[PDB]
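Structure assessment
Each chain is listed here by its residues.
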Amino acid sequence: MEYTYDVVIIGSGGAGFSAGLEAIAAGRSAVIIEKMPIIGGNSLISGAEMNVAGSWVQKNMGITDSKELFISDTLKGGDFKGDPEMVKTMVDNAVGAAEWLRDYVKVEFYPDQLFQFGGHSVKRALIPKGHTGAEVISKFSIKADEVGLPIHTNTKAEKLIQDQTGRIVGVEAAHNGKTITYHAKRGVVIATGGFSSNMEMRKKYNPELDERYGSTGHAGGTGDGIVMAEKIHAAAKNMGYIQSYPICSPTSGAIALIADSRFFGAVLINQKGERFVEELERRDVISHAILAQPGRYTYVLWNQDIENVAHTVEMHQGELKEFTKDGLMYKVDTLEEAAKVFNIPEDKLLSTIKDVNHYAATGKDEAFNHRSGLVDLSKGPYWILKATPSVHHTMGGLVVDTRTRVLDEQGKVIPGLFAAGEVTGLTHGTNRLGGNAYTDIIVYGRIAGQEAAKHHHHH
Ligand SMILES: Nc1ncnc2c1ncn2[C@@H]1O[C@H](COP(=O)(O)OP(=O)(O)O)[C@@H](O)[C@H]1O
Ligand SMILES: [Cl-]
Ligand SMILES: [Cl-]
Ligand SMILES: [Cl-]
Ligand SMILES: [Cl-]
Ligand SMILES: [Cl-]
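Residues numbered from 1 in each chain as written, not as in the entry; some residues may be left out. Chains lettered and ligands numbered in written order. Heavy atoms only, no water.

**Focus: the environment of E346**
Formally: Under the DSSP-based scheme used, a helix requires at least four consecutive residues in state H or I and a strand at least two consecutive residues in state E, with every element numbered from the N terminus. Any two residues having at least one pair of non-hydrogen atoms within 4.5 Å are treated as being in contact.
When you line up the elements, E346 lands in helix α14 (residues 346–362). In sequence terms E346 and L335 are eleven residues apart; their C-alpha atoms lie 8.1 Å from each other. Sequence-distant contacts of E346, defined by excluding residues within four places in its chain, comprise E336 and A339.

If you want it as structure tokens, here you go:
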């Protein structure tokens, strides 16, 4: 079996959907091939907030931001190892990308609230309905069906087809145990996501990683796009940088979205009843700090006042129910009860919270310099959650230019081959900031579809 399209997109996350829609919008034929039985990838299960400097929501909220500040926050957050041009192009196209999701894809974002992720100097992450990628991927799927973009699931790309000139002209894929050839007359877009679910590749590129947990990310994120492209001499970079998310389930390592209250004033409290790290630091910094606390865990403590702004309990009822059943989260009326349920010394917790309340009133966190400002915690009820870090995201991957063209080991364009999203390795440096993967995947997915659509037809 064979198919022919102008643009063959590998992967049905945000990058691949963005590329596919742009290819169709240019009048080209296209397909998305997806290895798993269902679409969406990591982009579906992510919280799916998206950083933008200069958004309509910041205007609604009276928040001042700038592209310069967003670029600086991003580059500093990855130890200045990110490619500056890749970061600049991400930031320069962020407003257009978000407005395109709103107006073309019909994604619904909250008009009056934003997340400030760790490492960001102001609130700048747009929030999709429901605080997950379900809204985004569902809207993408509807739009793809409307415009006629086929999605072939259970179709695993295995080999890039290269002609004698070095141009990529198709993809061989496995479907139901048979090889299917996809001829790509204008381009192939690799949009396969990261490699954090490939435990062997983790081991190869970072032999000292945390091994307490298996993968709890998307099972399709196994590095196949890197492997296939390296076989045809694509370059890869930054492969050893592999990030832990700091606030994960102690029993499984899964990301706890309910603890997104951290972006709205929740405090991290160790077993001694003390704060120990700035709650809006970088993910690596916080993860390292938690691992240094007694038992290698932290508590996350917040109140109804914070829920009334953040809504993370309302939005993540499955997590609430499961953590509560497992004795990993409690809702209590008083700070004394919050201490008692987790064996925290009461006098120490009360003293810490007295300090927090003072720092909230003055705006000056004398202990850890909270970059947004703490929130008073004198009134309950309270939620308290036990958490630990776990490995979740790969920073490395394919080398591309800002046009998404894949580069070989000499830095030369591989004709007909584009890559976008979490498969690429040049945006985030040593350490991704929250909310920036979505900005990257949409900006570069769109560019990849535009560039593949204009690439000349293979005769
Ligand atoms: N070999 C492959 N063939 C086809 N699809 C693949 C292959 N490897 C990974 N994928 C898919 O690519 C998608 C990547 O989506 P996602 O993880 O959201 O990445 P991004 O955020 O970069 O869009 C996943 O649904 C994953 O199953
Ligand atoms: Cl600006
Ligand atoms: Cl974060
Ligand atoms: Cl590396
Ligand atoms: Cl949930
Ligand atoms: Cl992320």
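**Section: the packing of aromatic side chains**
Defined as follows: Classification of ring pairs rests on two measures: the distance between centres of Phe, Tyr or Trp rings, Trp counted by its six-membered ring, which must be within 6.5 Å, and the angle between planes, read as stacked under 30 degrees, edge-to-face over 60 and tilted in between. Buried, partly exposed and exposed residues are distinguished by accessible area as a fraction of the type maximum, computed with a 1.4 Å probe on protein chains only: under 20%, between the cut-offs, and over 50%, respectively. Here, a charge over a ring is recorded when the distance from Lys NZ or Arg CZ to the ring centre is within 6 Å and its angle to the ring normal is within 35 degrees.
Overall, the coordinates contain 15 aromatic pairs when judged by the stated rule. Taking the centre distance of 6.1 Å and the plane angle of 25° together, the rings of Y3 and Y5 count as stacked. Classification of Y5 by relative accessible area gives buried; the value is 13%. Aromatic side chains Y3 and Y182 sit 5.1 Å apart centroid to centroid with 20° between the ring planes, which places their arrangement in the stacked category. Taken together, the residues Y3 in strand β1 (residues 2–10) and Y182 in strand β8 (residues 178–190) connect sequence positions 179 residues apart. Judged by relative accessible area, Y3 falls into the partly exposed class, the value being 28%. Among the residues examined, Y182 registers a relative accessible area of 1% and is labelled buried. Joined through ring pairs, the aromatic side chains of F17, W100, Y104 and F140 make up one cluster. Positioned over the ring face of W56 is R102, at 4.4 Å from the centre of the ring.

**Concerning the site of ligand 1**
Convention followed: Throughout this document, a residue counts as near a molecule or strand when at least one of its heavy atoms sits within 4 Å of that molecule or strand. N or O atoms within 3.5 Å of each other form a polar contact, as long as, within protein, one can give a hydrogen and the other can take it, and as long as residues adjacent in sequence are counted only when both atoms are side-chain atoms. In these tables, accessible area is a Shrake-Rupley quantity obtained with a 1.4 Å probe, and a residue counts as shielded only by the protein chains included in the view. Three residue categories are used. Nonpolar comprises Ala, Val, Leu, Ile, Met, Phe, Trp, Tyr, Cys and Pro, charged comprises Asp, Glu, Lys and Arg, and polar comprises the others, including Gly.
Close to ligand 1 lie 26 residues, the nearest being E34, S43, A157, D224 and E422. Separating a nitrogen atom of ligand 1 from a backbone N or O atom of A157 is a distance of 3.0 Å. Protein contact buries 99% of the 590 Å² of open area that ligand 1 shows by itself. Elements supplying a minimum of two residues to the shell around ligand 1: α1 (14–25), α2 (41–45) and β6 (156–162). For the shell around ligand 1, the element with the most residues is α2, which contributes three residues. Counted by class, the shell around ligand 1 contains seven nonpolar, 14 polar and five charged residues.

**Focus: the UniProt feature "active site" in the chain**
Threshold: UniProt positions are given in the numbering used here, feature names are shortened, and annotations may be inferred rather than shown by experiment.
According to UniProt, the "active site" feature falls on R283. Inspection of the secondary structure puts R283 in helix α9 (residues 283–291). On the accessibility criterion, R283 (14% relative accessible area) is buried. Apart from residues lying up to four places away in sequence, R283 is in contact with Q243, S244, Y245, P246, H393, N431, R432 and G434. For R283, the side chain forms a polar contact with the side chain of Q243, separated by 2.9 Å.

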